[PDB]
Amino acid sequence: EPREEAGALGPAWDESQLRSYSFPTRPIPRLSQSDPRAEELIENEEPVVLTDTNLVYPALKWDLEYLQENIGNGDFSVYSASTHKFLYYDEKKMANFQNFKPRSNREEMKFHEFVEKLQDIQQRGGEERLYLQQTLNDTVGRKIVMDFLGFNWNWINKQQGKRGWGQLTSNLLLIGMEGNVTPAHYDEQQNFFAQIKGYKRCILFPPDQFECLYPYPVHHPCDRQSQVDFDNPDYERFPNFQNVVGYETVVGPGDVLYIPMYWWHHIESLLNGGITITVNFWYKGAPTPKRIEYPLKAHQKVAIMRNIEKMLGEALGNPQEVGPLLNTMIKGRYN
């Protein structure tokens, strides 16, 4: 249920701001960084919302006005779409599938241009949607650098060490409009998802629900994204989606959600909730141990399936032939 803001300022959100879907869920635990149960969840690669890390405490003051003045004059990737769904697609893989035409259009612009184009839309009441997704880099201004350095690196660096993870891969700056949705997908890296402004509903599915969520082929641009339209699921093509069960939570300013590697997640900025701001923290996972302990974990089987698809594309000399060969291998032999 919804949490209550301090100072009797009422519920920060209410259930009417959540989109409706076909599957059940149960809540992700919301715990203190000092709670041993929170450490055991992260250790066991299960999601947990940490409420008091102060991970991005300096960034809680961030809003569009502050950022525009201080984030510098670098280029920012801004996506546009006529729908609320911002399906991610790999442009490098767009050669393998010349019949894929994305629904989101990426435009590279300056931050003040992003703010203005957002102002125009709001002014003219248009229905176009924007999502700014840009990796933080050197080009940011001095005050953002100061904020960045003020993150709680003491806490997250200990997490990185305790879990044996690799190095910090990148921080993504995410600024979306109310109602924006990132469809279900999984990432190959560990993720601390640090909410700054507004509220995001996060729905996670463990890696052992691969069978229910039907990722695209590895060579398709939407590799790692679910083929299922959560708003109109085709149960004839995706029958096991009827068995999908999620882990759900709403993160607000100051919350950090641990999204373990290979865990599916569906992320939506609450309806009529204003703009949302997030910074994520992506780390390479721990190295695979020399002695493989059976039985394998679900995410290890996912990794095997990915490797098979990759190698089959290399060996055949064309990713389009992967499907036919795989069918030939199984029809009447393993099904």
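Here, rigid core means the biggest group of C-alpha atoms that superpose within 1.5 Å across both forms. We number the residues from 1 along the sequence you see.
The segment moving more, judged by mean Cα distance from this form in 9 other deposited structures of this protein after a core overlay, is 98 to 106 among 98 to 106 and 249 to 257. Note on 298 to 306 vs 285 to 293: mean CA B-factor is higher in 285 to 293. On average the C-alpha atoms of 91 to 99 have higher B-factors than those of the other stretch, with 168 to 176 and 91 to 99 being the two compared.
Taking only the listed residues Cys202, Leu118, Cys222, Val228, the entry reports the highest CA temperature factor at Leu118. Looking at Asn73, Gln159, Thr182, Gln189, the one whose CA carries the top B-factor in the deposited record is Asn73. Sort the chain's modelled residues by C-alpha temperature factor and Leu312 lands in the middle third, per the entry. Per the deposited record, the Cα B-factor of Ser104 falls in the highest third when ranked against the other modelled residues of its chain. Annotation for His265: C-alpha temperature factor in the lowest third relative to the rest of the modelled chain, per the entry. When the CA B factors of the chain's modelled residues are split into thirds, the value for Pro24 lands in the middle one. Ranked within its chain, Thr83 lands in the highest third, by CA B factor from the PDB record.
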